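Remarks on the overall topology
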Amino acid sequence: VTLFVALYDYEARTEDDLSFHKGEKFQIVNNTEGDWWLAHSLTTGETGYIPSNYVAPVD
């Protein structure tokens, strides 16, 4: 798999998005439905939407 890392902090605004900190890592569950991706946090174990421009693939 390709994991992703947060480039910036983000505070959730809705019921279905995740709050996360810069440096948090994610496994992406779905990214075929636009620029908001369904992601799974490796810190919290939660799954929810994140803005895809806030993450980068881990080398």
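As drawn, each chain counts its residues from 1 in written sequence order, possibly unlike the entry's numbers, and residues without coordinates are not displayed. The basis for every side-chain value is the complete set of heavy atoms in the structure, and neither hydrogens nor water enter the calculation.

Method of determination, as annotated in the archive: X-ray crystallography, at 0.9000 Å resolution.

**Considering the environment of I50**
Basically, it comes down to this: Only runs of H or I of at least four residues qualify as helices and only runs of E of at least two qualify as strands under DSSP, and these elements are numbered from the N terminus. Residue contacts are counted whenever heavy atoms from the two residues lie within 4.5 Å of one another.
With respect to the helices, strands and loops of the structure, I50 is situated in strand β4 (residues 47-51). Residues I50 and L38, spaced twelve residues apart in sequence, show a C-alpha to C-alpha distance of 6.5 Å. With near-sequence residues (within four places) excluded, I50 lies in contact with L18, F20, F26, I28, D35, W36, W37, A39 and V55.

**Quick look at the environment of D59**
Using the following cut-off: Accessibility here uses a 1.4 Å probe with only protein chains present; expressed as a share of the type maximum, an area under 20% marks a residue as buried, one over 50% as exposed, and anything in between as partly exposed.
Here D59 is to be found in the segment after β5 (55-57). Look at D59 and you get exposed, because its relative accessible area is 97%. Expressed as a C-alpha distance, the spacing of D59 and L3, which sit 56 residues apart in the sequence, is 8.6 Å.

**Examining the side chain of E24**
What counts is decided by this rule: For this count, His and the chain ends are skipped, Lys and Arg are scored as positive, and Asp and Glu as negative. Salt bridge criterion: a side-chain nitrogen from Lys or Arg within 4 Å of a carboxyl oxygen from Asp or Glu.
Along the chain, the position of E24 falls in the loop between β1 (3-6) and β2 (25-30). Buried charge without a partner: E24 forms no salt bridge, and the closest opposite charge is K25, 12 Å away. Leaving out residues up to four positions away in the same chain, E24 has contacts with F4, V5, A6, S19, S41, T43 and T44.

**Notes on the nonpolar core**
Selection criterion: The term nonpolar core refers to a set of buried residues drawn from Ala, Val, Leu, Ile, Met, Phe, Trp, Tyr and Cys, joined through side-chain atoms within 4.5 Å.
Among the nonpolar cores identified, the biggest contains eleven residues, and these are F4, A6, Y10, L18, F20, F26, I28, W37, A39, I50 and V55. Listed by contribution, the elements that provide at least two residues to this core are β1, β2 and β3 (36-41). Beyond its immediate sequence surroundings of up to four residues, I28 is in contact with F4, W37, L38, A39 and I50.

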